[PDB]
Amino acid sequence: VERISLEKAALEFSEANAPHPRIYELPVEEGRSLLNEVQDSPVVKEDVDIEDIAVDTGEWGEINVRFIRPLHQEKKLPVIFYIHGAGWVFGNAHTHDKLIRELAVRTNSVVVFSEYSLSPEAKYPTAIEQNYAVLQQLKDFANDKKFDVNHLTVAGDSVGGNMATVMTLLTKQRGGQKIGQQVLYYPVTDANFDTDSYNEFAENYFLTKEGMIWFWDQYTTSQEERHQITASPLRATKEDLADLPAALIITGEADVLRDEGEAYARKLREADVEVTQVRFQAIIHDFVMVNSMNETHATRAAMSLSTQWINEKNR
């Protein structure tokens, strides 16, 4: 099979995910299991205290929220609100465990991780409403969980990066809990399947054009919903994006979502938002989450850049 230059682990993850049936061609409960089994593979995880709290989002129901804290910290820590990815269909505290532990320890922060309702059982805009409601209840936990809600970062990977930047939109529109800055790992920004990266990396790079069409189909099949800026933030006007929190936007070269991530970065920059946009060569979608890609140069450099950038923000 013909591919561009990739890190060994990215090539191996691409080859391992080429055979049919792929993850998005399984009954959604078997897909969810397969990602869990993928994320059982060997990795060194930083050390944290974990607390699972049921949080009531009101109209949008009760979800588990996981609170993660580095060991032996007496002081009031900054807080990171982390929204997981994996296509609105998969993922949980276990799939993203290595990533959020690394963020907690290297930024010396509490990580708050919403287990939002998954598609297709939950449709747009349930996940974004539940995530926005948890953000409004962070002040309610700030004292018992020893974090400072005035040192607030929102972050997410893929579909989670989509909802993370959408948290900044909803907050500006509804005057909610101030967000200092946002970190989007290889986000979804648009329900369009015709960008040059979508065309070039359509097949053979683990995340496929066909799979992304399916993920959007699980989230909502309404064109009117997909055109809302809280589904496709790439569609935001200059006036919509003005005064949003400072953003770090990380892309990989061999990713269908590369161009829409880089395009969204240019739109924020044109709206005078502070933007740090970096593309890592020779790497595929999902590289800061997947355990087997934990050692890639892209992963090591992405985590060094992201943790440092947040550390600089908090002080």
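Counting begins at 1, following the sequence as shown.
If you average the C-alpha B-factors over 145-153 and over 217-225, the higher value belongs to 145-153. Stretches compared: 128-136, 69-77. Higher mean C-alpha B-factor in the entry: 69-77. Listed residues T195, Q173, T208, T189 were ranked by CA B-factor as deposited; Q173 comes out on top.
When the C-alpha B-factors of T230, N199, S109, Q182 are read from the PDB record, the largest value belongs to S109. Per the PDB record, residue ranking by Cα B-factor puts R279 in the lowest third of the chain.
Among the modelled residues of the chain, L6 sits in the lowest third by CA temperature factor in this PDB entry. Among the modelled residues of the chain, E37 sits in the highest third by CA temperature factor in this PDB entry. Among all modelled residues in its chain, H84 ranks in the lowest third by Cα B-factor. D97 sits in the lowest third of its chain by CA B factor, as recorded in the PDB entry.
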